[PDB]
Amino acid sequence: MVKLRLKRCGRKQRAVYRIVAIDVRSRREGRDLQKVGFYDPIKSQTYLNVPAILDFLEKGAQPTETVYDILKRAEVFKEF
Amino acid sequence: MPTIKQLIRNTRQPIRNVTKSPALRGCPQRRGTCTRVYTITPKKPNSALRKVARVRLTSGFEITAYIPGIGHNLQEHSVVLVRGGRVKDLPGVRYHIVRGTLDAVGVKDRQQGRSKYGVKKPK
Amino acid sequence: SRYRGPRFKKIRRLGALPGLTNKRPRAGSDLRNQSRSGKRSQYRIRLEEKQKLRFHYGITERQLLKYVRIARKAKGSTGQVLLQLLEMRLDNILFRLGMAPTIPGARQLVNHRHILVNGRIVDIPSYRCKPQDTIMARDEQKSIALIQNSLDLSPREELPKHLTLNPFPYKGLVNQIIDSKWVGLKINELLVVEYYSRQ
Amino acid sequence: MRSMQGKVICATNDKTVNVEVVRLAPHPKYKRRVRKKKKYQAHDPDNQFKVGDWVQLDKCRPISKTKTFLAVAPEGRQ
RNA sequence: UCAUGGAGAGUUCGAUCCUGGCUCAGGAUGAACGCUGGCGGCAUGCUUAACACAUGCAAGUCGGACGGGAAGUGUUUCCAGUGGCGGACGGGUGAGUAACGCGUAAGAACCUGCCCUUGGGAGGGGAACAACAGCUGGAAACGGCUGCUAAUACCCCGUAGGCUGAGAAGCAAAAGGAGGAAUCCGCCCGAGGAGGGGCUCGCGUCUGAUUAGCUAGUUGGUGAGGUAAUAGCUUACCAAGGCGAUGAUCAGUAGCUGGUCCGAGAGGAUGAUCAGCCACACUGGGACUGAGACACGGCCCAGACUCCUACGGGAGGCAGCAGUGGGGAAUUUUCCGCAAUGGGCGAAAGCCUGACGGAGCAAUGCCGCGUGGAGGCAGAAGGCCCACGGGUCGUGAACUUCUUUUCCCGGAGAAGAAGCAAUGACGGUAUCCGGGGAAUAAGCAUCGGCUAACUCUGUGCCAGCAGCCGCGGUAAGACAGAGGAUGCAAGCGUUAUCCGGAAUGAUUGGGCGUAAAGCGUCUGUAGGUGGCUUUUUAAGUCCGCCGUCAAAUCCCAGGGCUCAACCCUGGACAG
């Protein structure tokens, strides 16, 4: 399926990452149905948009490694 | 030309900005091969002996190009680098030759405006 | 660049550039030839309002095109907003607070990293200040009292209403963006604005 | 979407009608309302359309290369 | 309130008004060349020959599917082979393609391994094929008999909410592995969904009439086949249709679009990097497997070309990254790393990624910064010019102090890396602290009008300049030099391409008595526009709501890099 994954969105030596739920066959910087999330590893926030991640994980788009690790920081996981 | 039907057929179109250099036809300046280095005269109001090199180009044309500056090294079968720009006085000369570039030396002893003639700094 | 050059030339040509590069008036031993006789084209007049502006703030002219594009880009009197984006320039403020005698003095005084702003150092003269800022010295400048020399010889002219100079704790802050009346230099905004219409 | 109502041109083919469809369109650079006609092949197993009647085209499964519509009847609210 | 936008000038003539053309002032380049050249941040880097390509690398993985063997001496690491997925993604180029290829908007006739949800099932047998051993052919590339072997590999029987058929009837499947177990990964048959594809259609999609007819599987219909699915997709027969002067057919050009640039605006030109879709992979043509290709680094054939050969034969596709050669005015390093991110495989460990993350060179561009700050008797040395009085270079320098962005010499020193720890190519980079020291750092155009800047010496229709007008035949504000000035600034100029100016293709916005221009006049087809009142539908029109026009860009407002460039978050008018 769809695989919720980051994409690099920034300058050189910056690493401002989006969390996009695109199809896994696409290149890493493509297009999404809905670009759900944010991750700034230098130091800043991470907007998550919980209902849409629950929509796609409720559908069954498995995430990658560190997207899943961000999803294990917060308490997003509910099986409903 | 009404808005109805003499003009939703077409008005007409202007052609282009017509090319002011029919050679150089890619882009700005192009390597040349000297064929003649003769000297012709301008039209009636002026009076000079302007020294032009009729030059074959790498494009596929052959064209008579002007040689600027005072001194010139250009003998038969040397290599130059022509550029655009119309010398008015000479009928047929459409182009210039860059000085200081390949096998066409800079002008002798010039100390005012050297970048147009390819002469490095003195002093 | 800086232009770093002969400068009474520019004062004789452009008229007296106020404060910038001199408090001394020009031609103390000079001007005894060269009748203008009254012929000056209008393009020379608008050009002399360019360089009356450009030398008085020490800008690169390409950067002045940049400030005009931002000045058009903002909403309002572009003739005034150009003299808001060139008053809240940092070394113009350090000139205006008397932290340096001249504007090359303030530009060099901020190149060698002697200014903290809100407690953080700013190494660049083209920094644009904001309302409610904080402009101080360096911690070594209570041991390096160059700023105190400038504040010693300065206080003939006081301050315009954005500034607030604290005497010994050396802090100057701007309450709000400077008003046109507030702008120190005397020139016509329309003349300069019209000149850049062509681009 | 909409149907495409229009006159029947010529029905000398079984289950098949050509249909003129008249469509107003704003010409792009000059702002009038130019008509463009475009004629289609529609399907009818009933083939109950003579020359000159006017039908409404609705999209269906493609029947041949050109025959990609079947036309039934307009509403007729005058 | 809205408004954030619109400049002229030269040249026809003894002069004037006007038409009209040319030329310039403004931006932008993926740019090129010349002169000059300190640093930093972020981008960009064959536009030409889709032209050949040396060398290395660019796609693997799984021993927890299976059999063997080969290092290590119960224990583990490997391995060619059979299998499983991945090689259809990612990367590159724009030759073709004027067409549902693209863009946008609807639709029904379909498929879909991996991915979630869900209903049921896995008994019984059996034959080999690699590997391997032997013989043997070849320089190699590869083989060829003889035997033998295992499985999630193949075959058969039974069983099936599936299929065929009107029913009658029949038909169809399985695979084990890991673990002590627990259980987990699987497998087979179904049923949905998401995503991905395959089709169809409305509308938009370059020029040329000095290209006017085209089309016979052509356009329909049926029957037979065929496709995952509709279909002249294909075939036999019947019908004569179908397209076109609103440009068919032919010829030529061109990847397309979010966008970029310009413009006041309407819109004009254009499609590099960024991103989505298409097509190609030496030139052609085929098919095979799989879910999915007619497959860049797969197979087979033909053609051309290069290499090897022991002369019989083999091998090959850089428009992957670096690189060489040619062409060109012109476009870089045969670099480091999987640390992140994203892929592929695996139960995990991990492995592989020239994608990507970085680094190097180049002022190729955009932005920021410096080459000193303050004082400097108004006295001297000098250049140039002068009615020889002087002026101007010039506070400029010299000279006195202050400072160290940068520079040199030392110390420290990151985050980026993800809560088990460890895990960094970048790199001892960024940044900070200390010690000297004005030290290490300004050029290039122009100065007749547009167009800011001017005098002097030399030249004498010569040398030359020139964007247009035109200067140059002895005192040239136009050539050459000096001085001075101007504008710019690590850039400055020339050229080329595009838009503006240009209302010089005109809807906004032009004209036709004489300036370029009314057919010689008339009839009339197509087509265009059209009197008044009343009524009806609403196609146009207008208003509300809703869906969509990807993300990035532009606009507004915040936020982050010391600011800016750039990056990021949110929002939206238009249309």
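Thresholds applied
- Residues numbered from 1 in each chain as written, not as in the entry; some residues may be left out.
- Chains lettered and ligands numbered in written order.
- Part of a larger assembly, values for the part shown.
- Heavy atoms only, no water.
- 1 Å grid on protein atoms, 1.4 Å probe; cavity = no way out; pocket = protein on both sides within 12 Å on 5 of 7 lines; lining within 4 Å.
- Points joined across faces, edges and corners; volume = space filled by probe spheres on them.
- Nonpolar A, V, L, I, M, F, W, Y, C, P; charged D, E, K, R; others polar.
- Pairing = 2+ DSSP bridges.
- Helix = DSSP H or I, 4+ residues; strand = E, 2+ residues; numbered from the N terminus.
- Axes fitted to C-alpha atoms, helices over the stretch in contact; angles between N-to-C directions.

In the PDB header, cryo-EM is given as the technique by which the entry was determined, and 3.7 Å as its resolution.

Colleague: What am I meant to see in the layout of surface pockets here?
Modeller: Space left empty within the atom packing is revealed by a probe, the size of a water molecule, rolled over the atoms. Residue and element names in this part refer to chain C. The volume enclosed by the largest pocket comes to roughly 640 Å³. In terms of lining, the largest pocket is formed by 17 residues, of which the most central are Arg12, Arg13, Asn33, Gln34 and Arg36. Classifying every residue of the lining of the largest pocket gives three nonpolar, four polar and ten charged.

Colleague: Mind showing me how you'd approach the pairing of strand β1 (residues 29-36) of chain B here?
Modeller: Every regular strand shows the same layout, with side chains that alternate between the two sheet faces. Residue and element names in this part refer to chain B. Both β1 and strand β5 (residues 79-84) contribute to a ladder of five bridges, which runs antiparallel. From the neighbouring strand, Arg31 faces β5, where its bridge partner is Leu81. As judged from the four bridges shared by β1 and strand β3 (residues 50-57), these two strands associate in the antiparallel manner. Within β3, the position partnered with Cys34 by the bridge is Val55.

Colleague: I would appreciate a short explanation of the sheet that holds strand β1 (residues 4-7) of chain D in the present structure.
Modeller: All names here are of chain D. Judged by pairing direction, the sheet is mixed, and its five strands sit side by side in the order β1-β4-β5-β3-β2 without closing on themselves. Strands with a single pairing partner mark the edges of an open sheet, and in this sheet they are β1 and β2 (16-26). Each neighbouring strand pair of the sheet contributes to a mean axis angle of 45°, computed without reference to strand direction. The pairing of strand β3 (residues 33-43) with strand β5 (residues 69-71) spans two bridges and is parallel. Looking at the pairing, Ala42 lines up with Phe69 of β5.

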